[PDB]
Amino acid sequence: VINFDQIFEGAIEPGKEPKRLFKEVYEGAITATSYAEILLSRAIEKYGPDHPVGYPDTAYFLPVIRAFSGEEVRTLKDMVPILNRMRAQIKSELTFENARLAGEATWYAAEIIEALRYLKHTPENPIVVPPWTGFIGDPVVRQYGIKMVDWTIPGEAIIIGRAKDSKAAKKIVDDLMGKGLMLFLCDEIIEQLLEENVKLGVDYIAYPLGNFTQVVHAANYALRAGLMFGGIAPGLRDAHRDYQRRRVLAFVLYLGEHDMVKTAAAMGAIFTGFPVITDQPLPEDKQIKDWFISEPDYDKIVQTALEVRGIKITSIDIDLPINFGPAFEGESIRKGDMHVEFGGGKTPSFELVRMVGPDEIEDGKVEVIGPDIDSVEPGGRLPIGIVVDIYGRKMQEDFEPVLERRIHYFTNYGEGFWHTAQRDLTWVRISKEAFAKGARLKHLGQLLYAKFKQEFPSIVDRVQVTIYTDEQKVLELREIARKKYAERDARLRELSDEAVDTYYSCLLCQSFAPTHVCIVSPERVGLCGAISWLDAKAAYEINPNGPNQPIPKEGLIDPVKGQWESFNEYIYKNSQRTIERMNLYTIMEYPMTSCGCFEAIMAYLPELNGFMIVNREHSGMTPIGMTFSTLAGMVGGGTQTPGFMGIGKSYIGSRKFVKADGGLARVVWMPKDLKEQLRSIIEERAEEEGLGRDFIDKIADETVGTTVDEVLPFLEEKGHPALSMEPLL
């Protein structure tokens, strides 16, 4: 049996209980359950017991309840017994265990109150607007899971209350955002940060939940991790708490004047293993060592929370004028805020990584050749050519394309730095706010140098960065860059599932999905969409002991569906033996599993005789009778699910795309925007198959319908080949 409570046994010596804290927790838990009970009785009197209740866009009903006790709450009456249960577990005796049970009851009460609040919520007339999030949908949790698994998001800060001043709120939050922690904000700190023009919203991984009971939208976010990637069953309470403590490195920052309900909520965080750190001074009888502690000095509170939680940060430490971290990757710079730009079809541009010989490379040398961003009035433009020379003993020409990709990400982490595209199609923008802080191309070169030295210590011994901004000179060197681009394109042309004798595992997502195993082949990218076969091969050649390992293609069992003994044995050994077999070219029998970060899901529809596909960003209903989030609840979690499978979007353009099932010809329904994202690949592959370039017009989408009865007549009138193919079954 998991004995999770053992994690608290050292906290309080007997007879020295902090009775002020336990009394405040008791009063706040009773108040929260009472709030929830009256609002529930009123709603049941007004709408009736059977009225549906729930949150927008989640597969997990009321996730806090769904995780800790497993109930599938759907209607108001379902809430009644649960709340009664929770009220019954609030007890006067002042023990640490009773405080934790009161905190769980407070969390249950906040979840109930919020679902009741959402009874009045419609997408057309919502109860919250951006940047505020309220309840955060499943797609955002999944969209940041990939950053969680490799600790690009080292942890999470749940900040409730009010910083002593708005400037202090801005400082601690800018610090956290530069450390890459995911933030949940509640109460007056939000307006404090907005008045300091701190950037907030889901794009910045800094969620303004709202006030008061909206605090629970951090809890139901965190618990979803274990429900989704961890695959833990609903209702396995101690297993969920153990997943939270082990992998959701959250802590609470309790700022400003205390009140009973906030304190009971923080105790609910402690109940699942998240320490609480407050800016208030604390008497002995209102603190718990390593669980409810005071750090009044704002200069130290962040490092205090990080150390008590166990979070370790690895910053490049270079003193750059602008903030840097994952939160800023998703920013975009409006034309009115843009100080200068390069590339994007407005000026010549290229970026290139290139291996060099040892004797004429100067490690750390960052040079800007040509005018700097000093040169232009705001809104102007310059050419940019970036060349990162690299020498290392164990550097390989193979690594050049891989490291080149990093530039995009390295640039977008800078606040006011923006980057898109690649090679000679780059577009880069620098905001007026960054220019006013002193940012110049020098800092871009130093940033790329430090991030390359930090991310590849084993293979980079020397790195040099040159940024050219003369038009003619950029055009001249762009031809050399294009030469290297063509070489890489040819090496990529040579690869195929048959020509290579080694496929590659990837185990990264096992930090959160312990049983999941990805197998990457030249014609099948990993389901995150970011790990191609060349990427896994380079990661293994750089770190032989890492999460990517070679697997020889041996012991063939089924050439058609794509089963080999070697991959079977590897997946069985590395899946904690939940998975014995896997077919690479079909979803209908022994499909590869998923963690929860798949870019899209495929599913077989017998009534259409073919596949639907739905990407994570699509909002609406699909012909199988489920949204992407509901389908993802079944497809993720490391279980084998014949007839369903998660995939990267680019996989749809592979020649091996579910080849044993009929490939692209079997696809009958995709979202319109997904078809348009992939229009060129789909047209080219469809012509290769003999389906015609107009085959994309025969694929149904949501503008055709969202049910089988609406879609089938369109497929029949359009003569879709899948209808005349063999049923998959």
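So that there is no doubt, residue numbering starts at 1 and follows the sequence shown.
Just going by the entry, 104-112 versus 298-306 on mean CA temperature factor gives the higher value to 298-306.
The PDB entry records a higher mean C-alpha B factor for 353-361 than for its counterpart among 114-122 and 353-361. Per the PDB record, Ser92 has a higher Cα B-factor than any other of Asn615, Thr627, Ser92, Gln510. The residue among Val216, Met182, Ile647, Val366 whose C-alpha atom has the highest B-factor in the PDB entry is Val366. When all modelled residues of the chain are sorted by CA temperature factor, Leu39 is found within the middle third. For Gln280, the recorded CA B-factor ranks within the middle third of the chain. Only modelled residues enter the ranking. In this PDB entry, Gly692 carries a Cα temperature factor that places it within the middle third of its chain's modelled residues.
Looking at the C-alpha B-factors along this chain, the one for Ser505 belongs to the lowest third. In the deposited entry, the Cα temperature factor of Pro713 sits in the middle third of values across the chain's modelled residues.
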